[PDB]
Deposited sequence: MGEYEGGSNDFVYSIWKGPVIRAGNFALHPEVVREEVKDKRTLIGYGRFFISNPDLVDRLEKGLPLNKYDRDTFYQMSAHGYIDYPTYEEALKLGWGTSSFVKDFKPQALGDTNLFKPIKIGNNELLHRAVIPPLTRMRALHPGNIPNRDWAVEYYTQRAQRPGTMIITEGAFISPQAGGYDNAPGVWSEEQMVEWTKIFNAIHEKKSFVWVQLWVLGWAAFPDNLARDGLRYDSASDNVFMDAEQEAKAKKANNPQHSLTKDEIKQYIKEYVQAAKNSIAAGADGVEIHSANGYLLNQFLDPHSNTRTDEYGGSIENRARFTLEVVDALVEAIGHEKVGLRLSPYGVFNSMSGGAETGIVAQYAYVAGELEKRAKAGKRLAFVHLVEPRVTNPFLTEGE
């Protein structure tokens, strides 16, 4: 037992929800009755570039391939057929033992304004790491990336949240994930954003910082710290081992280094806007750096950034306030995963985990009531 419904009693703005919604249209039908609820479809947007149409008319869906999720290939990336295409090649089978359902009559296809963007429907593309950025440089794929996003900007007025983008090398750790700090990166993102906009759709860049989820050896190779909230608690056995082997132990961030991250958040945010992005999403979920500060298991600090609910939320909120001041509140979003245990988070097992995120939602609303409301709040559903 555990629901994200508590957020609605606190935060009074747009809410994006994602997690196992594609194969459960009866759940979606109930949830979208709330006039400010949007739905994110992850794995099946990968397999269905025309997913928005298949949801409106209740069409069968293509199966997805887990093996080609993070593979450096066009296969399982840009070679997923639309429904009109899949028919011409046969069928011959789609998703097995599934009864589709038309949702074109529900609020899922009623327009709504998110930030500056006039969405025509509420089926959102959540951030989806595909690990196809070029190494070295963390550069967006020059061969397939533009076509990949183009296929999924198919339906006009579609909100798209990009794969997690590193705000800086220090925030990185994955060689095949795109960054958002350098020029040659922005040259590629500019093409991507243009292709999206030419399909009358919108694109939001997720600002990503790994934390203890980063590969310690990759950071040691580049003379970078393997940092997190604390230094006495680790993600798992492998990560602690790889940290000692590369002689790059887990580093507890100092206040100055925290300020440095914020500065990198700002620069990355302005880089995205300058490149022509509609807005940015602050990734504060799924066990990465900001979540590592939020979660009491990963945060054993005794200073201003730990020891309490208010302190553990300071980093996230400071990043929010910084980006709001930098590019405006109408271009800033925030993703949370209250019940998530991914990357060694506490989840519902921590009895005070709801209070922790209730506080964050409250602080967002206080800023909203004071005249600075974020574009949306992105929530990862319990599982």
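- Several segments of the deposited sequence have no coordinates for C-alpha: 1 to 5, 97 to 98, 391 to 400, numbered from the first residue.
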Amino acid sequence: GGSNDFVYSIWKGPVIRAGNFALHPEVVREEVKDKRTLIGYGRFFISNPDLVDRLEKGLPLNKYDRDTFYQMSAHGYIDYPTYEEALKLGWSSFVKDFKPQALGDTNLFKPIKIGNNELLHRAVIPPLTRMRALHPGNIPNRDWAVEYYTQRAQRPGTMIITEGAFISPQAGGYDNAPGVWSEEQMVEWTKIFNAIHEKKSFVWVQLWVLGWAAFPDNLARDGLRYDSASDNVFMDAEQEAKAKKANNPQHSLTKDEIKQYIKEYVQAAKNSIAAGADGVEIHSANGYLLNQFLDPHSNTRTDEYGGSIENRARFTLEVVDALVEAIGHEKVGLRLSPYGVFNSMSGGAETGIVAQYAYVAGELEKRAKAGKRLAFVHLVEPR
From here on, numbers count along this sequence of modelled residues.
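- On average the C-alpha atoms of 217 to 225 have higher B-factors than those of the other stretch, with 217 to 225 and 305 to 313 being the two compared.
- The PDB entry records a higher mean C-alpha B factor for 48 to 56 than for its counterpart among 323 to 331 and 48 to 56.
- Within the group 163, 198, 281, 295, the record's highest C-alpha temperature factor is found at 198.
- Reading the B-factor column for the CA atoms of 115, 90, 178, 126 in the entry, the top value corresponds to 90.
- Split the chain's modelled residues into thirds by C-alpha temperature factor. Residue 208 is in the lowest one.
- Residue 122 sits in the middle third of its chain by CA B factor, as recorded in the PDB entry.
- In the deposited entry, the Cα temperature factor of residue 22 sits in the middle third of values across the chain's modelled residues.
- Remark: residue 251 belongs to the highest third of its chain, ranked by C-alpha B-factor as recorded.
- Per-chain ranking of the deposited C-alpha B factor places residue 86 in the highest third.
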